[PDB]
Each structure stands twice: as C-alpha cells, then as structure tokens.
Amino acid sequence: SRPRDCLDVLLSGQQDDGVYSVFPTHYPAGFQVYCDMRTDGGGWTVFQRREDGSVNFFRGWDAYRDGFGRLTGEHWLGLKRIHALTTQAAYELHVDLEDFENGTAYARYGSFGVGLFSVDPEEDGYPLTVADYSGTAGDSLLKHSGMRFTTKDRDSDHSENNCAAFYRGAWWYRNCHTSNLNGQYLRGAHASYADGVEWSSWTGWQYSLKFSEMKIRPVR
C-alpha cells in the first residue's frame, strides 16, 4: 500500500507503464510519478522528459525545486522529490535519448544521487553525485558529478557568468556542460552554441534532441 518508488510498485504486481503513487521515506505524504515498467525489467521512476517542446524548461529556482509540466508528457519532477527518492536507497540512473532521425541511444550510471548528505538540500544546491557509466550514447554526465544545480536566477556554477542563462537551461553546471537536457527545444541542428537539448558525446554541441527521459531504479 506504500511503495517507496516505481520498483516497489512493479514488485507488488503493477506491470503497466503509467502514473502511480509512491511514498519516499522522508516524504510520507507521497506524490505521483510516471513509472517505466519495461526498460531492462522495468521499475524505473521518471523525473524528467522532453518529447515535443510543448513545455517551457527555461524556468527559475522554485520551479526546478517544486517541479513543473505533466507526468504524462514533458515534465521535471522537482529537485525536492528527486532528493527524497535518491537518499532513501542507492539508485542508478538511466537516460534514454532519441534524435529526429528516429535513432536512439542510452546512458546508464551505476550510482546517482542529489544532495545525498546535504543537511538542507535546497540551500546546499542539490549537489549531483553520479558515476559508473555504460551504454550507447556515450558519457556526458560524469564531469558534472559534484556540481550544484544552477538556474537562471541562482548561480552556483564554476563559470564567471551564469551557465543556465548562457546555455538557456537548468543543470548541475560546471563551466559549463557536456550535457544540457533541460535546454531549449530547438529541434535538431541549430546555429546557436550548445543551448538546446544536448548530449555532446552522442550528437555533439549543436543538435537539440527530440526526446530524452531521465529515470532511476534502486541499485540494490
């Protein structure tokens, strides 16, 4: 009756993809999430999805903290929820990507967490922890490990300017990025530099992907 995440939902007998209620350890009121019950056995809890550019992702700090969009479409679950999920157990991250040629690729990370040991995850900037890559899209996230989350109105990056504003996104920017999945939905090749839905290791710095989905599942 109180699954902690999508894997619990799956193990309880729910095999279909869809929206379900989960109740993280330190977020007892619970909330709804979209569950991917197919990928590599299923049981993944989605926290990000781009697919048509219908939702504006160039949002400020509060929106990225609380979440926006809709579970059945493009959305960002919200950093407070991602933190509540990732700190209750050891999780891995799966990232699915797709270009405008119907081609697809993915990146899997053995460990993933946000503000794992932060007393106040929000004030500490929801620092990213991620490692152990494997997949077909190549790694475009490891260099971001250890970085705080930065938005257009809250700079915690390692650049003289605001990476989020500069690359029109919101991410665990360093100086500045190798991945920018919350960037502008520019739809394919574009002249501007690395300010679209980018995953450099796969499609470079000037190609805004058509689809992306970030999700997690207990490592053990």
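Position 1 is the first residue in the sequence shown; the rest follow in order.
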Averaging CA B factors per stretch from the PDB record, which one is higher: 20-28 or 200-208? 200-208
As the entry reports it, the stretch among 119-127 and 74-82 with higher mean C-alpha B factor is 119-127
Compare the CA B factors listed in the entry for 65, 50, 38, 59 and report the winner. 38
Out of 176, 181, 55, 33, residue topping the C-alpha B-factor column of the entry: 176
Sorting the chain's CA B-factors, does residue 192 end up in the lowest, middle or highest third? highest
Among modelled residues of the same chain, the CA temperature factor third for residue 151: lowest
Just say lowest, middle or highest third for the CA B-factor of residue 166 relative to the other modelled residues in its chain. highest
Can you work out whether the C-alpha temperature factor of residue 217 puts it in the lowest, middle or highest third of the chain? middle
Per the entry's values, where does residue 141 land by CA temperature factor relative to the rest of its chain, in the lowest, middle or highest third? highest
